[PDB]
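All Cβ positions, even for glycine, are placed from backbone atoms using ideal geometry, and neighbour counts span all protein chains on display. Every read-out reported here was derived from the displayed coordinates using simple, explicitly stated rules and does not represent laboratory data.
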Amino acid sequence: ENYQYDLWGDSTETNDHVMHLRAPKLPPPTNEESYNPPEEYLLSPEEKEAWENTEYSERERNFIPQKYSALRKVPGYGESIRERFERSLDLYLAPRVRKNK
Amino acid sequence: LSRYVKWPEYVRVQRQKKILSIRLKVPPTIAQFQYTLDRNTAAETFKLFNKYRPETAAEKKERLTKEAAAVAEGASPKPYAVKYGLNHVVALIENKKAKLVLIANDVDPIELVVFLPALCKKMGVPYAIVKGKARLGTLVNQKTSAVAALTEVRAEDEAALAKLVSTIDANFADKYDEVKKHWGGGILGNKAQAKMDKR
Amino acid sequence: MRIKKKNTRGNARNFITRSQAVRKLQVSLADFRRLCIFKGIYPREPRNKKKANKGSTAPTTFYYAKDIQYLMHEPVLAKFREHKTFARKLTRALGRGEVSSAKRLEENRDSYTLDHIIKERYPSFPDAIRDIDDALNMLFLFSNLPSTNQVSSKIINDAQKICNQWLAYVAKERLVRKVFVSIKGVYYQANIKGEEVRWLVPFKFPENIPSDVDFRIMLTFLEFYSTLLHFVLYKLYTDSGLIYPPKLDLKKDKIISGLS
Amino acid sequence: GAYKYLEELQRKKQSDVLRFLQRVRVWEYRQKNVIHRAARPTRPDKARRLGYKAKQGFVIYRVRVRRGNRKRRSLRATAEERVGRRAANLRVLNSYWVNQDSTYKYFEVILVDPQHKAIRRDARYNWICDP
RNA sequence: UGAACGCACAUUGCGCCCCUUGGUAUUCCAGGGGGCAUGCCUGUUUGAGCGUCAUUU
RNA sequence: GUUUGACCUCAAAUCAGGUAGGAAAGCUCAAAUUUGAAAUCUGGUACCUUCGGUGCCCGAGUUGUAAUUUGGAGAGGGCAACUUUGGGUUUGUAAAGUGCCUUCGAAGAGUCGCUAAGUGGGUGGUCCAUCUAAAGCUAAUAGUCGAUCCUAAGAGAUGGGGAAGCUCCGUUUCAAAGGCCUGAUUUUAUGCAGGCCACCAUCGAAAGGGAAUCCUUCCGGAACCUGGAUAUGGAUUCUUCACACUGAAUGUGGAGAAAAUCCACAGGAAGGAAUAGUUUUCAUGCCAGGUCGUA
């Protein structure tokens, strides 16, 4: 019977405290991340080297867009574990600040 | 300055006793306990003695409850185990029942076991001084055990016990029986041997 | 009042640092991090960082002292202490050469449960549906992962079972709204109880595990997320009249082993 | 039994074994406090003769007292009284002699805890629980 | 208050820990409740010591 | 195996539960193996018929806890067609008793008298008589004035030591005498690793040091001190600490003047930018100030 009952039930309780700061989700993926993006999104070799030489925390984008003519041609993503590890590290090591943008 | 504060008093006394152990000229009866079994003989002795380890409380309780549950619904051979306890083993030795007696070398009131090698030799019982009283308790299910003994052995291991007794007789008894009765502990330090032995 | 002292009250009493919190809890740093992960505790940023730290500009991490005061009373810390005692006693049992008592000790042990922590983190089901996004992300990452020395086969099997159950429910209820195939994986966005839930599923290809990453943290995150999904999946299945946990068809599992 | 050998051995206090052991032990004793607790009896046979049982609620204290009748009364009585004052929740059962110097005599005092259930629930020893 | 027990006391002075409540209140202030002496015993948990050991299938 | 782990000794916790302060009758241990089975016991926990009982669990204990034995002996066996039975319902080939036969058969050391003995030893009697020590039980009107804070000569806890004791000595002494910082969470898989610093509580001043109120507490007007959270303007000048103006560990100086207290200087750790970058010893803005004495 481990975890075999109703936890929340019918309750509608809220956790709206002054110092309850919720992580603001994660931005949705954009066009350039697609497996078959429009041709204009691909980086030039100069831009590719500029991205390659930038520090991992200074890169505006954590990947190089690629275009594939078929679904079977797509390769398994390489930095898949590292992204989850970085997200989980931010979830409890990154200070959270209220701000009025 | 005063650097002694890097050792607490108990550590300092604990090491001073260690120094006094090797500097003092100890009598032969207390000196004999520094001659123990070597690596191979001690490793082979604990392979036989670990096959006759007594049942723990939980195992004995489980075995008795199985019999009780069988009876509650609707001819065994004598057990075999290592004998321990100082009085029990001493009584066994003077009745000539123990086949092999292991004596720990680090009994804190050393006078509890000083008579044991002499009693074992006088009564014609094979004995061996084994390094570690906490190791004799592992095969006894106690934290420490001053002594251990083997009175009866399963017929499969009768040859092994005889061979072990012969090995201990050749390696321990016949090897140390002349130096066992000599005063020990006359080890000289470097700052003292340099000025006495050389001069 | 006499004169009062400086740097003792105000912006300095409600912000305590990592070392102070760890020594106040009388617990190791690893267990402090585990408790913060489970309870959802995060560092802060006071408006006067030169006052929260007592007049010092040295860098440090602040933690909202009342959060640590609440963490003082958590029943999981006592379970951590009990596990430490159990490990010491089991080590003693094996070190003495007595294996039956070691087996007996491992039979008589109980681990902690994260039920109350999940209840207080999410007082209502919608909050669980809000965090289910990243919960599903982590679980779907662990589902497509080879077993190694640190992460075991059973952990990955449990994660895969949870992922398959979630996919089966979403397919049965026909809740998929958006899909996006990217170079990283596939993003699915579904409509769970009036909330938009978007999760990433990697491609089923062999993974290259980097020695850089610390799976010691990802395992705790997965341990929390697995229980969160267990409760959320039970609630979702029982609200729709389905039977939970779903019966596994062993004949159809041997061919494809998916949601079907 | 092994206690007969210990009793016969302790009757020869100037033999090599006992003289060596006492020489080491008196120096070791002089480094500890005047009244300290022994982990276990130094002479278990004498403790058994005097009524000591290896069970919970039995305590041993080692105490040293200065010798001589000058000051610039029994020594055992003073030792037992100081030990009893140190442990006021126990009753002084007995005491025996362990060592001596030209300056101090050393005694080990056997005490019993009346409030322990192992002493309260056995008829052979709950006489000392009476006030 | 007194053997008199958070620390002092020729002052009716000075602190620390936990829970809870009220005022603009995550920070400030106040109120309420409960605790913090020494020697010793049994047990629990956490330790120190190149003190004694074992440590190749 | 430069690893890992068993013990031993010594510690700590506002750890769990306790304890101390003051005012007419005979018997029980130790000493000889339960060894075909530590058979014994405290505590935690759950129930019950609760001065306790049962189940489960962590421990104590073989350097010895139970049963049996105490010269009056006693023990292990055998034979009577021997005799007897507990607890608020009994029962187990369980616990005892009497007679006879047979095999065995321990005995308290710095103690008796510098320091012993086992047909031993103690005490008496003019060789004999009588007991069995060195173990035990047993009925018949104040935020602003002072105290409060600080230390001065000195007194005096803790650690330790002496004394039969009421108590005395000694004040940092062969005391484990406590605070702080760093880190992706700590490499056979989530049981803390590394580093820094030295030295002692407390009491002792209403004339010493000390934040602040006047025309000293109430009233009216006017003003300061300390502590805290914060907002605005300006500065930090092309985008990153000026010609207000960041500054860690660490080491010094001034005021006080023995200490409390305030300030500053060397030092270079760390931090700072594109829909509000970092600092706020610059200015303005908000709140509060308890107890005791006061004729």
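Listing for the model above:
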| read-out | value |
| --- | --- |
| Helix C:153-173 vs. chain C, principal-axis angle (Cα, 0 to 90°, nearest 10) | 60 degrees |
| Using θ = phi - 60° and Karplus 6.51 cos²θ - 1.76 cosθ + 1.60, couplings along the range C:36-50 (whole Hz; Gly, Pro as x) | 5, 5, 5, 7, x, 8, 10, x, 10, 8, x, 5, 10, 5, 7 |
| Positive-pole candidate from B:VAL26, B:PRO77, B:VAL13, dipole of the range B:8-189, charges at beta carbon | B:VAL13 |
| Inter-chain shielding of B:113-121 (mean C-beta neighbours from other protein chains, 10 Å cut-off) | 2 |
| Along each principal axis, Cα extent of chain A, largest first, Å | 55, 37, 23 |
| Candidate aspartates and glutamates - alpha carbon under 15 Å from B:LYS131, same-chain residues fewer than 8 apart omitted | B:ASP38, B:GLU44, B:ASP106, B:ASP108 |
| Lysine pair number, Cα distance threshold 28 Å (strictly under), chain A, separation 8 or more or different chains | 5 |
| Net +/- balance of residues flanking C:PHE180 in space, Cβ distance below 14 Å, scoring K and R +1, D and E -1 | +1 |
| Globularity ratio of the range C:131-260, using Cα Rg and 2.2 N^0.38 Å | 1.06 |
| Backbone HN-Hα couplings from phi across the range B:117-134 [Karplus 6.51/-1.76/1.60, Hz, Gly and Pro as x] | x, 5, 5, 5, 6, 5, 8, x, 10, x, 9, 8, 8, 10, 6, x, 7, 6 |
| Sequence-distant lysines (8 or more away, or on other chains) whose Cα lies within less than 29 Å of C:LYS84 | B:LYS60, B:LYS61, B:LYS133, B:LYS143, C:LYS24, C:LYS39, C:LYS66, C:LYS103, C:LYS119, C:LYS154 |
| Directionally averaged projected area (convex hull, Cα atoms, chain C), nm² | 21.4 nm² |
| Rg/Rh (Cα only; Kirkwood hydrodynamic radius) as it applies to the protein assembly as shown | 1.10 |
| Cβ-placed point charges (K, R +1; D, E -1), dipole of chain A about Cα centre in debye, nearest 20 | 100 debye |
| Most to least packed among C:158-170, C:190-202 [average Cβ atoms within 10 Å] | C:158-170, C:190-202 |
| Selected from A:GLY76, A:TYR41, D:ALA79, residue furthest toward positive end of dipole (the protein assembly as shown; charges at beta carbon) | D:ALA79 |
| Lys, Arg +1 and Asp, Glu -1 on Cβ, resulting dipole of the range D:2-129 about Cα centre, debye, nearest 20 | 400 debye |
| Given charges at beta-carbon only (K, R positive; D, E negative), |dipole| of the protein assembly as shown in Debye | 6140 debye |
| Whether chain D is rounded, prolate or oblate, judged on the alpha carbon gyration tensor where a/c under 1.5 counts as rounded | oblate |
| Peptide-level mean, for A:5-16, of C-beta atoms on other protein chains within 10 Å | 6 |
| Reciprocal mean inverse distance between Cα atoms of the range B:8-189 - Kirkwood radius, Å | 18.3 Å |
| For the range C:11-98, the spread of Cα positions along each principal axis, largest first, Å | 59, 24, 17 |
| If the convex hull is drawn through the Cα atoms of the range C:162-230, its volume per residue in Å³ | 119 Å³ |
